[PDB]
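A short write-up of the structure that comes next.
All chains are named by letter (A, B, ...) in the order of the sequence lines, taking the proteins before the strands, and each is independently numbered beginning at 1.
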Amino acid sequence: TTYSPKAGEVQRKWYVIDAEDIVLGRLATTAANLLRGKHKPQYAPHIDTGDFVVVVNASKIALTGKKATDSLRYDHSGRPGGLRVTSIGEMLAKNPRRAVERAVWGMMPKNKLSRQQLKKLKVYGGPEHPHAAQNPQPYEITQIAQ
Amino acid sequence: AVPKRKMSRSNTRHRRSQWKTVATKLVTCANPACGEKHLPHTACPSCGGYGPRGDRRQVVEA
Amino acid sequence: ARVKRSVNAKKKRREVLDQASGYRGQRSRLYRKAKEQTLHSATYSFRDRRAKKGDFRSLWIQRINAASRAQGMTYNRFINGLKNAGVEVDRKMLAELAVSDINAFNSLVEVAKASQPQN
Amino acid sequence: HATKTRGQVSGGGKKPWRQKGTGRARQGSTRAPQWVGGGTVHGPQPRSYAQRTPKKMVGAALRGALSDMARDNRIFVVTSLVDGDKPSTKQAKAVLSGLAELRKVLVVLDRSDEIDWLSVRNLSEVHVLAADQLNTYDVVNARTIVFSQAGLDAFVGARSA
Amino acid sequence: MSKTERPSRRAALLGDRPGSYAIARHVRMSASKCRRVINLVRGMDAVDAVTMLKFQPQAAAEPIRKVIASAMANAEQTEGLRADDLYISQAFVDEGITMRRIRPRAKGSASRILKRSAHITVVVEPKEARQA
RNA sequence: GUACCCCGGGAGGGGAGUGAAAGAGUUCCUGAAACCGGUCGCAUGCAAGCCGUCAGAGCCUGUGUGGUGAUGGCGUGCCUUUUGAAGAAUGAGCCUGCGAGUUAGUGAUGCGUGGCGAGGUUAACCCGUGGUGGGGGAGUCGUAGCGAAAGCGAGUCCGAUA
RNA sequence: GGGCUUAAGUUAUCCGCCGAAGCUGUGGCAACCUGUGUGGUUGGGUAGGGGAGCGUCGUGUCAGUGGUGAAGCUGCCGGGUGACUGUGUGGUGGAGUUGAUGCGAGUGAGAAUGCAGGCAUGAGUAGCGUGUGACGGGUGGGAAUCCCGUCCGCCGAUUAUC
Ligand SMILES: [Mg+2]
Ligand SMILES: [Mg+2]
Ligand SMILES: [Mg+2]
Ligand SMILES: [Mg+2]
Ligand SMILES: [Mg+2]
Ligand SMILES: [Mg+2]
Ligand SMILES: [Mg+2]
Ligand SMILES: [Mg+2]
Ligand SMILES: [Mg+2]
Ligand SMILES: [Mg+2]
Ligand SMILES: [Mg+2]
Ligand SMILES: [Mg+2]
Ligand SMILES: [Mg+2]
Ligand SMILES: [Mg+2]
Ligand SMILES: [Mg+2]
Ligand SMILES: [Mg+2]
Ligand SMILES: [Mg+2]
Ligand SMILES: [Mg+2]
Ligand SMILES: [Mg+2]
Ligand SMILES: [Mg+2]
Ligand SMILES: [Mg+2]
Ligand SMILES: [Mg+2]
Ligand SMILES: [Mg+2]
Ligand SMILES: [Mg+2]
Ligand SMILES: [Mg+2]
Ligand SMILES: [Mg+2]
Ligand SMILES: [Mg+2]
Ligand SMILES: [Mg+2]
Ligand SMILES: [Mg+2]
Ligand SMILES: [Mg+2]
Ligand SMILES: [Mg+2]
Ligand SMILES: [Mg+2]
Ligand SMILES: [Mg+2]
Ligand SMILES: [Mg+2]
Ligand SMILES: [Mg+2]
Ligand SMILES: [Mg+2]
Ligand SMILES: [Mg+2]
Ligand SMILES: [Mg+2]
Ligand SMILES: [Mg+2]
Ligand SMILES: [Mg+2]
Ligand SMILES: [Mg+2]
Ligand SMILES: [Mg+2]
Ligand SMILES: [Mg+2]
Ligand SMILES: [Zn+2]
C-alpha cells in the first residue's frame, strides 16, 4: 500500500520570498509549488502538506516587455456593464497583494483545498511583514541543472 | 405555471421543516390561592382574576 | 400451468437495491433508478480500475521527483541514471523509499549521479 | 385447459374513449390484453397430446423393457393366485413369497379371471394388467412381473415369431 | 421461528425500564398537523405539557393532551409513579387510514380529497431517567 | 368475540382474562415495496454536485468487519428512434401486480435424434368400458426417366430411324 | 487558463523523461487449429446468425423431508465466469416441500401518452360558491358556527304564500 499522510502528520513550515526584481510568473509558480507542497516526498493531492509563503516587496515585481501597461486584469460584478479593467502595473502599485493572489490562484488547481491553501499566501507590497513570530525562513528561487 | 419536476426529498424537507409553531409560554397566577398557569396579560381561566398579588380584580366569573 | 412472476422477479431487485445501498435520493430506494446508477457505477469502476495504475504511477513519480530534486537532481536524469546503472527498482518501491528510507533513496540518487553520462 | 381471448371476454365492444384529445393512451377495447380483466393473448387452449409413435417402435420398446428384467431375473410365473373364493390376504402372501412389494401381475383372462384380478386389485403396490395391455410404461415402472400361466401363454400366443 | 419473548409495544418502547405509554389510534386528523404539536411537546415534563396543551391554539393539542394524560394515568397505576415526576420520553405520530373523497370542480371535473388520520404515541418515564 | 378495573364524552389505549399463539381482537392468516415517522452513529452552514466511481484522512464501532466520509482525480441519465441524442427529440411521478412469438394441421421445407430399411407408414374405423395396447395397408411416399401427348424407356425429347 | 520575451515564442540540433485498456512481465478464464509430450492463433461490437445455460410453475419416477416448524417474507455470514446461489446461521411465519433425472409451460418486464391498486410531488399551498351581524343567557366533555332572548341589518311583483 502506498503511503498516505494523516491530517497533521506533515509539519507545515513558513518561507519568505523577496519579490524584489523577480518576474511575476516565476514568483507565482514558486509560490504555488510551495503552497501545495510539491517539493516534499510526502506530497498528497487530497491532504494539505504545503507550506506558508510570505511574499515581501510585491510592489517591485519585475515585468518584461510592455506588460506593466498592456497586460490587463478584468473583474465583473455580474450585472450589465459591470466590467472593471486595470493594468497589472496599476494593480501592483495599488493592491499588489491582489495581483500576486490572482496569479497564484490561476496557477493553482481549481479546488476547495486549493481555495483553503491560497489563504496560506501572505503578500505584502513593502519590504516588511508582520509575521516575525512565525519566523519565516528565506527562500531563494533556483533551478536544478539539466 | 406548473411544477416542472418532482421536488427531491432534501428540498421538500428543507421547506416543510419551517412549517412549525412556537410553544405557548404561560405564567404562574399571582393569586396565592390559585397558583395556576395562565397567558401573560390575560385573566386566569381558573381563578378568573387579574392583577398583582395585592390589587387582584375579578374578570371572568369562572 | 399459470406462473406468478413475483418470486422470481424480486431476486434481481434485491440484488440491485443491495448494490445501491449508499446512494442519495431515489437511487437507493427505487429499483429502476438504482439500476441506472449501477450501470454507471460498473462502468466507472471498470474505467477506474485501469486508471488506478496511471494515478498511482503519477503519485510515485511526483514523490520521486520531489525527493530527488531535494538532492539537486531532476526526475528524468534520476531515472536515466538508474537505468544506466542497471538498478531495476520500480516507481513504487522508489516512492516508498523516498517517503520512508530517505537515506537509502539518497544513496540511490548518488548511484544515479555516478551513472550519469556526464555529457 | 382453456382461456378466453379478447374476443371471448364479455363486453369490450366499443372504443373506451376518443382516439385524441383526452391525454390518455390510445385504447380500442376495455378487454384488450394489457387491461386488467382483458383477454389472454397466448394462453392454453384444449388440445390432445397423443403422439403417433410407430407400431414397431412401441412394440420393440416393450420387448426391451421386458428383456432387461428378464435378464435381471425379475419375471416369475405362477399357475394362479388364490383358490376357490378370493381374498387379498392370500395373494399378498403368494407375492411376498415371490419377492418385495413393487409388483406387476398379468392375468390376461379379460372376461372371467375375477378371482386373481379382484384379489390383487387393492394392494396399492401391485399393478394388475391383462396380457394384451402390457405397455412399456407399466413394464418399466414394475420392479418385478409375475405372470399367471394363462397370462404368459396368452401374451406369447398374441405375439410370437 | 415463533416462540417466547414475543414482541410488544412496551418492550420496544421501554424495555424493562420504568414508565408507561399510551396510543391513540385512528385520530381523525392529519399526521403532519399532529406532528406540528408533537415536536413541541416531546421531551417536556408531563404536567407542564398538559397544562401548556390546554392553552396551545392548534386543534391537535386536544388529542395529544388526552394521550399524555392517559399515559400519565397508566404509569401512575401500573408503576406507582407520580404525575409530577414524569417526563415525556418519546412522542411520535404515524399515519392511519385515509379516506378518498370527491370534490366537484369546474367543467365537470372531480378532484381527489384525502381525509387523513393519525396514530399518536407518547412514552413517559420518571425524570431520573433523563440523565440515564 | 376480550368479564372486571383505570385514563377518556367517546374513539383509542393501559392492566387483566380467553387461547398454543391477541404484534391471530373482528380494518382480524401470512403482511413485501412505494410512502410516512421515532431513536442512535457519522457527515454537513466558503459551497457549483447525471449524484456515481477510484484515491482517502478523521470519527463511530469493533459484533476487530462494518457504518460514515472531510478532501483529491475522473465522470453529460434510461429507453426509443437516429448520419448523429446528456440532449432544449419521444416515453416514463413512484412502488406492487398484470401486460406481447402461441396453438392447431397423418400442411410445406430443413436440421438434430430414434425406429425400420428397398422398403417406410397407416387414415377412418373395429376391439380393449381395461388406458397409453392390439388390429386396420384403403391410401400414401420411395421403387425410372424423358415427352404437350400417343408413347418409348436407361434412355427420352427436338430431328431426317440424322 | 494562469502567466511567458530574464520564453514558458519560432527554428535547426543534441540528451533525457512523461504519456493508452497499444506492447511487455505476472496470475486466472475462454474459442479454435494442430501433430495430439508441445504449441500456435484468437476472444470491442449494434441489426442479426450459431452454441451452451440460470431462475419460476406444473408434473412421471426414485430418494426423501416437514409443528423438534414447510412455503413466503426479512437479517447476517459466505459462494460461482454470468443469469444467480449456500446442504451457513438467525428472525418472522404456520402447512407444505427438497435433491436426482425426465416431461410440459399462461416461464422471467423498466418503458407501450400500457391496465388495476396503493402512495408521493406541488403543499399545509389555491380554494371554502353574491352577503351583516352584535350581545346576554342556556345546553354541553367540547360552542363564532345549536337553543332562547334583546338589539341591528336584509328581502318584500318576493329571500313571502299556495
Ligand atoms: Mg433551495
Ligand atoms: Mg509535477
Ligand atoms: Mg367483442
Ligand atoms: Mg377497433
Ligand atoms: Mg376474465
Ligand atoms: Mg427458514
Ligand atoms: Mg355541471
Ligand atoms: Mg404448538
Ligand atoms: Mg407476528
Ligand atoms: Mg389492513
Ligand atoms: Mg395481518
Ligand atoms: Mg466548512
Ligand atoms: Mg467549474
Ligand atoms: Mg434528423
Ligand atoms: Mg429528454
Ligand atoms: Mg433537460
Ligand atoms: Mg418524434
Ligand atoms: Mg412525459
Ligand atoms: Mg408504467
Ligand atoms: Mg393399395
Ligand atoms: Mg497500461
Ligand atoms: Mg492488450
Ligand atoms: Mg501480457
Ligand atoms: Mg465476443
Ligand atoms: Mg480485442
Ligand atoms: Mg445481436
Ligand atoms: Mg417426521
Ligand atoms: Mg409452491
Ligand atoms: Mg424437477
Ligand atoms: Mg408472461
Ligand atoms: Mg414492475
Ligand atoms: Mg400526462
Ligand atoms: Mg394508476
Ligand atoms: Mg403532500
Ligand atoms: Mg401560511
Ligand atoms: Mg406555491
Ligand atoms: Mg399563498
Ligand atoms: Mg387563501
Ligand atoms: Mg359567503
Ligand atoms: Mg356564516
Ligand atoms: Mg336568534
Ligand atoms: Mg330593507
Ligand atoms: Mg308596490
Ligand atoms: Zn389564578
Between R24(D) and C115(G), does any side-chain N or O lie under 4.0 Å from OP1 or OP2? yes

With a cut-off of less than 4.0 Å, is there a side-chain N or O of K52(C) near OP1 or OP2 of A55(F)? yes

Excluding sequence neighbours, so at least two apart, what forms side-chain contact (heavy atoms from CB on, under 4.5 Å) with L62(D)? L66(D), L134(D), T136(D), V139(D)

Taking only residues two or more places apart in sequence or in another chain, which ones pass side-chain contact (heavy atoms from CB on, under 4.5 Å) with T43(C)? none

Look at the side chain of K33(E) and the base of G124(G), then say whether one donor and one acceptor between them are separated by less than 3.5 Å. no

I113(E) atom CD1 is separated from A126(G) atom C1', nearest whole Å, by 11 Å

Report yes if a donor N or O on one partner sits less than 3.5 Å from an acceptor N or O on the other, where the partners are the side chain of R77(C) and the base of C15(G); otherwise report no. yes

Taking the side chain of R143(D) as heavy atoms from C-beta outward, which of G131(F), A63(G), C18(G) is closest to it? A63(G)

Rounded P spacing from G58(F) to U71(F) in Å: 16 Å

Can you tabulate the close N/O pairs, meaning under 3.5 Å, that link protein atoms to atoms of nucleotides 67-76 of chain F?
residue	atom	partner	partner atom	Å
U71(F)	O2'	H46(A)	O	2.8
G72(F)	OP1	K112(A)	N	2.9
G72(F)	OP1	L113(A)	N	3.2
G72(F)	OP2	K112(A)	NZ	3.3
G72(F)	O3'	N111(A)	ND2	2.9
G73(F)	OP1	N111(A)	OD1	2.8
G73(F)	OP1	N111(A)	ND2	3.2
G73(F)	OP2	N111(A)	OD1	3.1
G73(F)	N2	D48(C)	OD2	3.1
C74(F)	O2'	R47(C)	NH1	3.2
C74(F)	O2	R47(C)	NH2	2.9
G75(F)	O4'	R47(C)	NH1	3.0
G75(F)	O2'	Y44(C)	OH	2.7

Would you call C95(F) and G117(G) a Watson-Crick or G-U wobble pair if both distances must be under 3.5 Å? yes

Nucleotide by nucleotide, nucleotides 104-109 of chain G touches protein heavy atoms under 4.0 Å in the pattern (B base, S sugar-phosphate only, - none) BSBSBB

Side chain to side chain donor-acceptor pair (under 3.5 Å) against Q19(D), all qualifying residues, sequence neighbours excluded: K15(D)

So, are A55(F) and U71(F) sitting in a Watson-Crick or G-U wobble pair, both contacts under 3.5 Å? yes

For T21(B) versus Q58(E), what's the shortest heavy-atom pair and its separation? CG2-NE2, 3.6 Å

Whether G62(F) and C78(F) form a base pair should be assessed as Watson-Crick or G-U wobble, both distances under 3.5 Å. Do they? no

Check if the side chain of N76(C) and the base of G16(G) share a donor-acceptor pair of N or O atoms closer than 3.5 Å. yes

Between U59(G) and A109(G), how far apart are the P atoms? Round to whole Å, please. 23 Å

Protein-nucleotides 109-114 of chain F N/O pairs under 3.5 Å:
none

Does the pairing criterion hold for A116(G) and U96(F)? That is, Watson-Crick or G-U wobble with both distances under 3.5 Å. yes

Which parts of nucleotides 9-25 of chain F does protein reach within less than 4.0 Å, heavy atoms only, written one letter per nucleotide 5' to 3' as B for base, S for sugar-phosphate only and - for none? -B-BBBS-----SSBS-

Base, sugar-phosphate or nothing for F78(C)? Non-hydrogen atoms, less than 4.0 Å. nothing

Under 4.0 angstrom between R15(B) side-chain N/O and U125(G) OP1 or OP2: no

Please tell me whether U24(G) and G122(G) form a Watson-Crick or G-U wobble pair, using a cut-off of 3.5 Å on both distances. no

Examine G97(F) and say whether its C1'-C2'-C3'-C4' torsion places the sugar north (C3'-endo side) or south (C2'-endo side). north

Could you check if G86(G) and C115(G) make a Watson-Crick or G-U wobble pair, where both distances must be under 3.5 Å? no

Side-chain heavy atoms of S89(E) within contact of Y21(E), under 4.5 Å: no

Sign of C1'-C2'-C3'-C4' at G110(G): does that make it north or south? south

Does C152(G) pair with anything, Watson-Crick or G-U wobble, both distances under 3.5 Å, and if so, with which nucleotide? none

Within the modelled atom types, does a donor on one side and an acceptor on the other bring the side chain of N141(D) and the base of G60(G) under 3.5 Å apart? no

For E20(A), side-chain contact (heavy atoms from CB on, under 4.5 Å) partners two or more places apart: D18(A), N57(A), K60(A)

Partner residues of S114(A) under the side-chain contact (heavy atoms from CB on, under 4.5 Å) criterion, sequence neighbours left out: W105(A), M108(A), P109(A), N111(A), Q117(A)

Taking 3.5 Å as the limit for both distances, would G55(G) and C135(G) pass as Watson-Crick or G-U wobble partners? no

Both donor-acceptor distances under 3.5 Å, either Watson-Crick or G-U wobble. Does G25(F) meet that with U106(F)? no

Is the base of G124(G) touched by the side chain of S30(E) through a donor-acceptor pair closer than 3.5 angstrom? yes

Taking OP1 and OP2 of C17(G), is either one under 4.0 Å from a side-chain nitrogen or oxygen of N80(C)? yes

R115(A) side-chain N/O to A47(F) phosphate OP1/OP2 under 4.0 Å: no

Given the structure, is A85(F) a Watson-Crick or G-U wobble partner of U53(F) (both distances under 3.5 Å)? no

Mark yes or no for a side-chain to base donor-acceptor pair under 3.5 Å between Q133(D) and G133(F), with no hydrogen or angle criteria applied. yes

Short heteroatom pairs, N/O only, protein and nucleotides 135-139 of chain G, under 3.5 Å:
none

Does any N or O donor sit under 3.5 Å from an N or O acceptor when you compare the side chain of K20(B) with the base of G124(G)? no

Looking at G52(F), does its base get a donor-acceptor pair with the side chain of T43(C) below 3.5 Å? no

Report which part of the nucleic acid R111(D) touches: base, sugar-phosphate, or nothing (heavy-atom distance under 4.0 Å, all strands). nothing

Determine the interatomic distance between P on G55(G) and the same-named atom on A83(G); round to the nearest Å. 11 Å

Can you confirm whether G90(G) and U159(G) pair in Watson-Crick or G-U wobble fashion, both distances under 3.5 Å? no

Within the sub-3.5 Å range, which N or O atoms of nucleotides 34-38 of chain F have a protein N or O partner, and how far apart are they?
residue	atom	partner	partner atom	Å
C36(F)	OP1	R13(B)	NH2	3.2
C36(F)	OP2	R9(B)	NH1	2.9
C36(F)	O4'	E95(E)	OE1	3.0
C36(F)	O2'	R35(E)	NH1	3.1
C36(F)	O2'	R35(E)	NH2	2.8
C36(F)	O2'	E95(E)	OE2	2.9
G37(F)	OP2	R13(B)	NH2	3.2
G37(F)	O5'	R35(E)	NH1	3.3
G37(F)	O4'	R35(E)	NH2	3.4

Measuring to OP1 and OP2 of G3(G), would you say a side-chain N or O of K67(A) lies under 4.0 angstrom away? no

So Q27(D), base contact, sugar-phosphate only, or nothing? Heavy-atom distance under 4.0 Å. sugar-phosphate

Would you indicate, yes or no, if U85(G) has its OP1 or OP2 atom less than 4.0 angstrom from a side-chain nitrogen or oxygen of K11(C)? yes

Does the pair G120(F), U121(F) qualify as stacked when the test is that the six-membered ring centres sit under 5.5 Å apart and the ring planes lie under 30° from each other? yes

Residues which pass side chain to side chain donor-acceptor pair (under 3.5 Å) with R91(C), listed by chain and number, not counting sequence neighbours: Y75(C)

